[PDB]
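Close look at the chain arrangement
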Amino acid sequence: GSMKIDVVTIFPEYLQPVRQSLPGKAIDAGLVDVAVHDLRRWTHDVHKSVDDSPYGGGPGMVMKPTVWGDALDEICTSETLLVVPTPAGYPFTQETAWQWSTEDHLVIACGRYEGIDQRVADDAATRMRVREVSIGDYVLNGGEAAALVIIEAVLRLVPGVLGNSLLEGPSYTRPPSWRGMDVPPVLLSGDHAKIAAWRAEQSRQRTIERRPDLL
Amino acid sequence: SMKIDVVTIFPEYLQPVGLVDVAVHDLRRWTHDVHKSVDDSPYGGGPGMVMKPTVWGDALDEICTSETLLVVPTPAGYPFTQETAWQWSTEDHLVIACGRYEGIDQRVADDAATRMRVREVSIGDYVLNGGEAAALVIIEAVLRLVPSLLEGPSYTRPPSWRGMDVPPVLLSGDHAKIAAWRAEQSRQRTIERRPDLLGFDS
Ligand SMILES: N#Cc1c(-c2ccc3ccn(Cc4ccc(CN5CCOCC5)cc4)c3c2)n[nH]c1N
Ligand SMILES: N#Cc1c(-c2ccc3ccn(Cc4ccc(CN5CCOCC5)cc4)c3c2)n[nH]c1N
């Protein structure tokens, strides 16, 4: 019904698409509020450091636990669901989105470099729900794009917020003939049992060809 | 070296973004009557509107060549994975067609598949409102590659924090023992979160 979302990142500008797809009606009606915070507001040094060399060697830097611990303490309560995009996470699916759609406070912690010191989430887990998730089997530069996906998948399940087993088959609209390609005639037959069956066969077929693992 | 064109009725979403340029094009600049919609009701009936192939056809005609790789995000596409990103990292020209509503008339990709290579892909098993978020993900996964197991936990300073210690092996400086500990963490994490990567059931 109602939901607050805090996003924490060192590139707040990458979250612009969210401000751009949120309807004013939902914000006015207080269905949703989305804040973005610059992690660097919680650094301790004049150089505004967020990253440091990894214990045990290895390429790339790791984000500092001290800075992240500062930010999460301020933003989180014991009622928060802390969401941490990560290339080593549990799969984010539609089931996940559905379950999170009923939460009242999401915090999304977007890391960069090789990620965030593990102690941050371990510590968080001793007093709030914490979920390490990945949005798909590919590698990104950080968690900001993942957050865009997660926020969208979830918010569109919250009634009136974004204004909206087998693979879906093909869709068709006007004109009935275009570049020598006619809309499949069954779709114009006015026989709605035949149409439903024809769509089901397309669906089964496409699913076999594209996602045989759903079977 | 690579060029990416994204075509969308929501160009303001793509807002933020040398050997590579990325152009965002407004599909509506191609409409035939400014007083008409890009979407219409679906043949056969159903919920939601479908995007007409007419406007899409004019846009892609202009923007594509026969060598163009045309990418269409769809919730019914082939899985987009790291293998896909690697394959696309060598292309010279990608055009990403972002749909909205219930999506694009199927004849667009079917007609395009007669003159160029078309790829219907999905970035995940979850539902979006249109192809634009997917295009961002796809662009990010592909560009970072232009010239097995899940990773375990990483740590940096301080060595103790809120009374949590860094795993002492990592302070040992024994490269072989550290490698071993990390493989162990990674296998453990993989079995727990993604058992399918090792051929088990989910
Ligand atoms: N959700 C989600 C994601 C993410 C994601 C999410 C969050 C962060 C924070 C930093 N990064 C970058 C990053 C990339 C790769 C690696 C590991 N490799 C690097 C080199 O050495 C070892 C192997 C680590 C860190 C992130 C990536 N990617 N793909 C998804 N589906
Ligand atoms: N990549 C990727 C994606 C997309 C994606 C990509 C492109 C477009 C263009 C429009 N949409 C919205 C859309 C949502 C749902 C449905 C199914 N419907 C069936 C009948 O009832 C309503 C629902 C169809 C269209 C898109 C979604 N979603 N998830 C991914 N991994």
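Each residue takes a number counted from 1 along its chain in the order the sequence is written, a numbering that need not match the entry; residues with no coordinates do not appear. Labels are handed out in written order, letters beginning with A for the chains and numbers beginning with 1 for the ligands. Heavy atoms from the whole structure form the basis of all side-chain values; hydrogens and water molecules are not counted. Residues with missing side-chain atoms are left out of burial classes, side-chain pairs and their counts.

This entry lists X-ray crystallography as its structure determination method and reports a resolution of 2.42 Å.

Orientation is described by lines fitted to C-alpha atoms, with helices fitted over the stretch in contact, and by angles between N-to-C directions that extend from 0 to 180 degrees. Secondary structure elements are taken from DSSP: a helix is a run of H or I of four residues or more, a strand is a run of E of two residues or more, and numbering for both begins at the N terminus. Between helix α6 (residues 144-155) of chain A and helix α4 (residues 132-143) of chain B, the least distance of the axes is 10 Å, while the angle of their chain directions is 160°. Overall, the two elements α6(A) and α4(B) adopt an arrangement that is roughly antiparallel. Note on packing geometry: the crossing formed by α6(A) with α4(B) is left-handed. Side by side, α6(A) and α4(B) meet where A:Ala145, A:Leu148, A:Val149 and A:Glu152 of the first sit next to B:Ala133, B:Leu136, B:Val137 and B:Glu140 of the second. Charged means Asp, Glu, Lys or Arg here, nonpolar means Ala, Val, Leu, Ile, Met, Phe, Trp, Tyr, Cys or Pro, and polar covers whatever is left, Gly included. In terms of residue class, the contact of α6(A) with α4(B) is built from 6 nonpolar, no polar and 2 charged. An angle below 35 degrees is read as roughly parallel, one above 145 as roughly antiparallel, one from 65 to 115 as roughly perpendicular, and any other as oblique. By convention the crossing between two helices is left-handed if the near helix lies anticlockwise of the far one by an angle smaller than a right angle, and right-handed if it lies clockwise. What makes two residues a contact is simply this: any of their non-hydrogen atoms within 4.5 Å.

Attention now goes to the nonpolar core. Side-chain atoms within 4.5 Å link the members of a nonpolar core, which is a set of buried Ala, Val, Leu, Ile, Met, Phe, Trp, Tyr and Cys residues. Each residue gets one of three labels from its accessible area relative to the maximum for its type: buried under 20%, exposed over 50%, partly exposed in between, using a 1.4 Å probe on protein chains only. Counting 61 residues, the largest nonpolar core has A:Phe92, A:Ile135 and A:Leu155 as its most contacted members. For this core, the element with the highest residue contribution is α6(A), accounting for 10 residues. Not counting chain neighbours up to four residues away, the residues in contact with A:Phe92 comprise A:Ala97, A:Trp100, A:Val133, A:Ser134, A:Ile135, A:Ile150, A:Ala153, A:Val154 and B:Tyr126.

All names here are of chain B. Surveying the vicinity of ligand 2 reveals 19 residues, the closest of which are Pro-73, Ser-122, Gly-124, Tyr-126 and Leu-128. Polar contacts here mean pairs of N or O atoms no more than 3.5 Å apart (in protein, one a potential hydrogen donor and the other a potential acceptor; neighbouring residues in sequence count only if both atoms are side-chain atoms). A distance of 3.2 Å separates a nitrogen atom of ligand 2 from a polar atom in the backbone of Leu-128. The element best represented in the shell around ligand 2 is strand β5 (residues 69-79), accounting for 3 residues. Here the residues of the shell around ligand 2 sort into 9 nonpolar, 7 polar and 3 charged. Near, as used in this document, describes a residue that has one of its heavy atoms within 4 Å of the molecule or strand being considered.

Let us now look at the interface of chain A and chain B. Across the contact, 76 residues belong to chain A and 73 residues belong to chain B. Mapped by element, the contributors of at least two residues to the side of chain A that touches chain B are α1 (16-21), β4 (62-63), α3 (65-75), β5 (81-91), α5 (118-125), α6, β8 (177-178) and α7 (192-210) of chain A. Grouping the constituent residues of the side of chain A that touches chain B by class yields 34 nonpolar, 20 polar and 22 charged.

Take the pattern of salt bridges next. Side chains that carry opposite charge are capable of pairing whenever their charged atoms lie near each other. What makes a salt bridge here is a side-chain nitrogen of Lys or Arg within 4 Å of a carboxyl oxygen of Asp or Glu, nothing more. Taken as a whole and assessed by the stated rule, the structure comprises 27 salt bridges over all chains. Note that B:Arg162 is salt-bridged to A:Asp73, the shortest N-O span being 2.4 Å. Linking B:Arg162 in the loop between β8 (160-161) and β9 (164-165) with A:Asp73 in helix α3, this pair reaches from one chain into another. Accessibility expressed as a relative area gives 40% for A:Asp73, which makes it partly exposed.

Residue and element names in this part refer to chain B. Taken from the UniProt record, the annotation "binding site: S-adenosyl-L-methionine" (unreviewed entry) applies to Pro-73, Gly-99, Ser-122, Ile-123, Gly-124, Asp-125, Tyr-126, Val-127 and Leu-128. Residue classification places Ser-122 among the buried residues on the basis of a relative accessible area of 11%. When near neighbours in sequence (up to four residues on either side) are disregarded, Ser-122 contacts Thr-74, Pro-75, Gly-77, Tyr-78, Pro-79 and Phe-80. Secondary-structure assignment places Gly-124 in the loop between β7 (117-122) and α4. UniProt positions are given in the numbering used here, feature names are shortened, and annotations may be inferred rather than shown by experiment.

The immediate surroundings of ligand 1 are formed by 19 residues, with A:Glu114, A:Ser134, A:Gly136, A:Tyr138 and B:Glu151 found nearest. At ligand 1, the nearby residues belong to more than one chain, namely chains A and B. Note that a nitrogen atom of ligand 1 is positioned 2.9 Å from one of the side-chain N or O atoms of A:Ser134. For ligand 1, a nitrogen atom lies 2.8 Å from a polar atom in the backbone of A:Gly136. Values of accessible area rely on a 1.4 Å probe in the Shrake-Rupley scheme; residue burial ignores everything except the protein chains shown. Relative to its unbound accessible surface of 640 Å², ligand 1 loses 82% to contact with the protein. Those elements giving two or more residues to the shell around ligand 1 turn out to be β5 and β7 (129-134) of chain A. It is β5(A) that contributes the most residues to the shell around ligand 1, 3 residues altogether. When the residues that make up the shell around ligand 1 are grouped by side-chain class, the tally is 9 nonpolar, 7 polar and 3 charged.

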